[PDB]
Amino acid sequence: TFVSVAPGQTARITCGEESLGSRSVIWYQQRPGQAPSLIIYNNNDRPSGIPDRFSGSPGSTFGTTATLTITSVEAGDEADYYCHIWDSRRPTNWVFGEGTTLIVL
Amino acid sequence: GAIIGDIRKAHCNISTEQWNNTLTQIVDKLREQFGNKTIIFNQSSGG
Amino acid sequence: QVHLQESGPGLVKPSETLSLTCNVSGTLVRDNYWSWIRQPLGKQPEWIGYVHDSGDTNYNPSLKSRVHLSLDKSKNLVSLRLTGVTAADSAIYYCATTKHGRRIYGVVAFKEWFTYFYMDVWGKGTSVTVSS
Ligand SMILES: *[C@@H]1O[C@H](CO)[C@@H](O[C@@H]2O[C@H](CO)[C@@H](O[C@@H]3O[C@H](CO[C@H]4O[C@H](CO)[C@@H](O)[C@H](O)[C@@H]4O)[C@@H](O)[C@H](O[C@H]4O[C@H](CO)[C@@H](O)[C@H](O)[C@@H]4O[C@H]4O[C@H](CO)[C@@H](O)[C@H](O)[C@@H]4O)[C@@H]3O)[C@H](O)[C@H]2NC(C)=O)[C@H](O)[C@H]1NC(C)=O
Ligand SMILES: *[C@@H]1O[C@H](CO)[C@@H](O[C@@H]2O[C@H](CO)[C@@H](O[C@@H]3O[C@H](CO)[C@@H](O)[C@H](O[C@H]4O[C@H](CO)[C@@H](O)[C@H](O)[C@@H]4O)[C@@H]3O)[C@H](O)[C@H]2NC(C)=O)[C@H](O)[C@H]1NC(C)=O
Ligand SMILES: *[C@@H]1O[C@H](CO)[C@@H](O)[C@H](O)[C@H]1NC(C)=O
Ligand SMILES: *[C@@H]1O[C@H](CO)[C@@H](O)[C@H](O)[C@H]1NC(C)=O
Ligand SMILES: *[C@@H]1O[C@H](CO)[C@@H](O)[C@H](O)[C@H]1NC(C)=O
């Protein structure tokens, strides 16, 4: 679950299972030796303190998979990314998915 | 086969004021054939 | 600027009623919701759940055996207690707040909505390990 992307290029992160029903994806990041934080607090809505560079897919998809698109990778992007699915079909899952460690050369 | 949408039971959509619009009409005419808010609508007993 | 302090003996004997404490910073416990997160060293984090006074005392469905959360309004402290610690409990814990979020996808009266929680802030945490 390791992704290698050169600086300044585009990156794609795939997390979660098939889109059986609607989702409300929550995106989290983990910094080595530092407390986590938040990036996206909804399917597409974002909080303050971050520009509109980040993008995501809506939750009105059936049979697809949640994906994250990152462009213009910088030195500060080196962190472990986690996804949290929220389906109306399955109960609330208390275990996060396969964390993708994105490394920058 | 299966469900691939959302679990949402079948439902019917009537306007909220239409049922009162027709109510006042039959009610006013009912005062003629029948003795004149004494009008009560109740569900059937069943069977 | 939000900071918090934790505690812990460091070394915990097996099969001991371990207790953990977490304080607050400015925000009172009555008008806020708190959650605990357990993360094994180097693996994905695991969510214990959220606890709140006056009814909202839901725990982790998977365990539902030895978890016990309590609140102290006078001291503004929240305590986490486990009975019968095992060898797999060595993990970093985090006490932090959470924010609600609503989504409706159907009829308002037929329960087609589930509240989703996101943690705006995260705690510093304290390391807990078990040895002999
Ligand atoms: C028969 O009568 C019943 C009621 O008696 C009526 O039920 C209604 O069903 C509709 C189905 O569409 C429900 O509408 C949904 O409502 C919620 C909440 O909307 C809020 O926000 C709007 C303003 O935006 C306000 O007007 C409203 O009052 C609420 O505050 C939303 O979840 C739905 O819209 C989102 O989801 C849609 C489906 O995925 C998307 O197409 C849409 O874009 C909306 O956003 C989604 O995509 C975004 C993409 O960026 C994303 O950011 C969002 O997070 C989200 O994923 C939808 O409007 C309505 O609530 C029901 N009524 C009540 C009272 O609750 C029936 O429709 C009516 N007719 C029939 C034939 O049965
Ligand atoms: C109603 O109940 C029936 C009976 O349980 C159920 O039928 C089952 O459907 C599933 C659909 O996945 C079948 O499972 C598949 O069987 C074979 C095993 O060799 C494979 O085709 C599939 O494996 C792939 O898919 C899995 C995910 O589904 C992956 O985990 C796996 O790695 C593979 O990619 C899969 O296991 C199952 O055989 C039938 N069972 C019977 C007895 O027919 C049906 O789905 C239920 N319907 C509803 C609507 O709930
Ligand atoms: C029912 O559908 C018709 C046709 O689309 C529409 O004109 C009407 O407004 C709908 N009824 C209500 C109560 O909204
Ligand atoms: C309908 O009738 C039942 C008895 O069959 C009675 O208990 C009930 O109150 C009535 N409801 C109304 C709305 O008049
Ligand atoms: C009518 O509506 C009332 C509430 O106004 C509800 O309690 C009752 O069950 C409904 N049905 C009848 C037959 O009164």
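Residues numbered from 1 in each chain as written, not as in the entry; some residues may be left out. Chains lettered and ligands numbered in written order. Part of a larger assembly, values for the part shown. Heavy atoms only, no water.

Going by the header, the method for this PDB entry is cryo-EM, and the resolution given is 4.5 Å.

(A) Highlighting the interface of chain B and chain A. In this complex, chain B contributes 5 residues to the contact, which on the side of chain A involves 5 residues. With both sides pooled, the region where chain B packs onto chain A buries about 390 Å², and carbon together with sulfur makes up 39% of that total. Taken together, the connections running from chain B to chain A amount to 1 salt bridge. The tally of links from chain B across to chain A stands at 2 residue pairs in polar contact. (Contact = heavy atoms within 4.5 Å. Buried area = accessible area lost by both parts, 1.4 Å probe. Salt bridge = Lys/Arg side-chain N within 4 Å of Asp/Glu carboxyl O. Polar contact = N/O pair within 3.5 Å; in protein donor to acceptor, adjacent residues only side chain to side chain.)

(B) Fine view of the side chain of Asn-42 of chain A. Inspection of the secondary structure puts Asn-42 of chain A in the loop between strand 4 (34-40) and strand 5 (55-56). Here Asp-45 of chain A takes part through its side chain, which lies 3.0 Å from a polar atom of the side chain of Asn-42 of chain A. Within the structure, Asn-42 of chain A has its side chain in polar contact with the side chain of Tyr-116 of chain C (distance 3.4 Å). Apart from the residues lying within four places of it in its own chain, the contact partners of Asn-42 of chain A are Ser-24, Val-25 and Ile-26 of chain A together with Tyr-116 of chain C. (Helix = DSSP H or I, 4+ residues; strand = E, 2+ residues; numbered from the N terminus.)

(C) Seen up close, the environment of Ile-103 of chain A. Residues and elements named next belong to chain A. Relative to the elements of secondary structure, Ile-103 occurs in strand 8 (residues 100-104). With a relative accessible area of 30%, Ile-103 lands in the partly exposed category. Once the C-alpha coordinates of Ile-103 and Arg-23 are considered, the two residues, 80 residues apart in sequence, prove to be 28 Å apart. (Buried < 20%, exposed > 50% of the residue type's maximum accessible area, 1.4 Å probe, protein only.)

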